[PDB]
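Given as structure tokens, the chain that follows is alone and in the form deposited in one PDB entry.
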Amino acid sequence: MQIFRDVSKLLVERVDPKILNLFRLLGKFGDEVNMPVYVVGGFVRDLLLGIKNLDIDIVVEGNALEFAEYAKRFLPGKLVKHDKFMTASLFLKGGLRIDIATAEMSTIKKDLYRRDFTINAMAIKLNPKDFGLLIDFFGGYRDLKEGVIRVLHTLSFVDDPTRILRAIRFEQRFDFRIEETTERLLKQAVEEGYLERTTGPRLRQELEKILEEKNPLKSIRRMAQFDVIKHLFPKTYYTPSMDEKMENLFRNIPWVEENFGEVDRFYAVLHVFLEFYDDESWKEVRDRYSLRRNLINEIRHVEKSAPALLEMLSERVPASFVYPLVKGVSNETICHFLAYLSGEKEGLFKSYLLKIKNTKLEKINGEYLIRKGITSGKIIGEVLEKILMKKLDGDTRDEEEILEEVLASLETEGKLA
């Protein structure tokens, strides 16, 4: 179809002036040193979708270093010269970095063939002669305009399997869908075991992004269809009974964040993903990605403590009984428990969660009062804890609490004196 289009009007309309002047200027610098200058990637895409974008990715046909230095004489900022990739980055002020990379000059075609998705292909030339020129050898404009995610060629995934997760994140991100031939090509690489053949850090960064994106649940369930879950983490199985927890997790994570603070979504997920894990299955998952020595312990905790919790929620036990299972736990671990709760139990587990968060306040009485009482050692802790454990269900004068509490220890023997 059409390779060229005049987004020149669209540039001045959408793009902030301070930036336009940059594209304008960068283009002129191009001419001055004889290098075609293009802005590329996610900016082209975003400008087209009316979505704001500050990233200003740039390709030249010459030498990014030579160009980047020329640019600096007239642009104000820090020049970082990533030799060995012939890349560069001019750091201006206001919070702006121009990423400058290196490549019928249309060698930019070969450069745009190397990418993931037609909508992320495409380039806009910058040299004054061709200033507003949209370049689209692969009909990104078309897919962009009918919400499509096409992987430029049949080896896109083989060449880089991380695009498997990217493809998925883009769907939720822009609301687009993956056309058939990609869909087919994805599965093939997943099943070919291709993304196992890839590094931890890489698969994980991308995994994090998916979770930080618009809709997480939907993209995990999506990830499920394609059977990538099973291929990142060798033992997990996305069943109606694993999913269901996942749903629970994401429904109240907002509550967790509201009363307890940040929730590391990645981890919150691993919890449900990583359950029922033999030691040889974890020392690696943990090892391949970088999970926390021991995280395994914490998932187990909820895993094990789990059938006891709903019972404990049924039978409306006093909070005194719940504490043991949520005592210095992470927000992720709290989330994990919540993965189990539908409806009325939820309001309760939460109802105790705020009791246990609060009223932990001993007010007067601890540490001191006890040692003046003349007690020492690890005991102090247990007596303190067992006072508070009852202050969460009904309060006296917080002294009389001990004078009743130490007694309970006496005539069962507790220290001496």
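We number the residues from 1 along the sequence you see.
Unmodelled deposited residues between residue 341 and residue 342: none, per the record. Mean C-alpha B-factor is higher over 277 to 285 than over the other stretch, the pair under comparison being 324 to 332 and 277 to 285.
Stretches compared: 248 to 256, 127 to 135. Higher mean C-alpha B-factor in the entry: 248 to 256. Across the options 266, 226, 141, 113, the residue with the most elevated CA B-factor in the record is 226.
Highest C-alpha temperature factor among 162, 297, 102, 89, as the PDB entry reports it: 297. Ranked by Cα temperature factor within the chain, residue 406 sits in the middle third according to the deposited record. Among the modelled residues of the chain, residue 360 sits in the highest third by CA temperature factor in this PDB entry. The entry lists a Cα temperature factor for residue 389 that places it in the middle third of the chain's modelled residues. Per the deposited record, the Cα B-factor of residue 381 falls in the middle third when ranked against the other modelled residues of its chain. Among all modelled residues in this chain, the alpha-carbon of residue 215 has a temperature factor (C-alpha) in the lowest third.
Keep in mind that the form deposited in another entry is missing from the display, and what follows is about it.
The hinge separating the two rigid parts that rotate between this form and the one not shown falls at 151, chosen from 210, 64, 151, 272.
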